[PDB]
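Read the structure below first, then the notes.
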Amino acid sequence: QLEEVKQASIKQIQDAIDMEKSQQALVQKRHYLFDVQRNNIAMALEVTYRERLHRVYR
Amino acid sequence: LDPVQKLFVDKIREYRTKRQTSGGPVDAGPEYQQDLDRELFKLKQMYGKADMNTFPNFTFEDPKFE
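Quick mapping for you: the protein sequence lines, in order, are chains T and V. So the first sequence is residues 59 to 116, counted in the deposited numbering. So the second sequence is residues 1 to 66, counted in the deposited numbering.
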């Protein structure tokens with residue numbers, strides 16, 4: 059009797075945890091990923107225009 | 001430019017005569033012209049053979065990470 063009690067107890071909260079951890083992550087981290095890269099992209103170009111205005115004038 | 005008047009009067013006088021001439025500032029002299037042209041070469045090497053009468057310009061790019 060007591061075995062089955064705990065067996066469903068484990069499996070049930072297990073799927074609660076893992077699915078809810080999957081849910082929360084995906085939004086932020088993917089939101090993450092998009093803005094990070096954009097970041098990277100944009101930065102480069104700032105420099106690249108600029109540097110040059112130096113390089114040239116030099 | 002100027003000190004000792006006893007020599008200086010004549011010496012400085014001859015230098016101004018130079019300036020008061022336009023077949024060169026009284027003359028030039030081959031020797032100088034030869035070295036000038038040489039030295040002119042070298043310093044172009046000193047700072048590259050572009051001509052800094054104009055300035056540089058650049059180009060642009062991007063790629064996708066994922």
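Cβ coordinates follow ideal geometry from the N, Cα and C atoms, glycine included.
Going straight from the alpha carbon of residue i to that of residue j, what length do you get?
i, j, result
"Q5 of chain V", "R19 of chain V", "20 Å"
"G24 of chain V", "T54 of chain V", "31 Å"
"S67 of chain T", "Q59 of chain T", "13 Å"
"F92 of chain T", "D76 of chain T", "24 Å"
"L111 of chain T", "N57 of chain V", "8 Å"
"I12 of chain V", "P30 of chain V", "23 Å"
"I71 of chain T", "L84 of chain T", "20 Å"
"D35 of chain V", "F41 of chain V", "10 Å"
"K69 of chain T", "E61 of chain T", "13 Å"
"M46 of chain V", "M52 of chain V", "12 Å"
"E109 of chain T", "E39 of chain V", "31 Å"
"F8 of chain V", "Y115 of chain T", "46 Å"
"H89 of chain T", "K44 of chain V", "53 Å"
Using a Cβ cut-off of 8 Å (strictly closer), state whether residue i contacts chain V.
i, result
"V114 of chain T", "yes"
"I75 of chain T", "no"
"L103 of chain T", "yes"
"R110 of chain T", "yes"
"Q95 of chain T", "yes"
"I99 of chain T", "yes"
Closer than 8 Å, CB to CB, is residue i near chain T or not?
i, result
"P3 of chain V", "no"
"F41 of chain V", "no"
"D62 of chain V", "yes"
"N57 of chain V", "yes"
"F65 of chain V", "yes"
Just to confirm, does residue i get its C-beta within under 7 Å of one of the non-hydrogen atoms of the ligand PLP?
i, result
"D10 of chain V", "The ligand content of the structure shown is nil, which means the ligand PLP is not present either."
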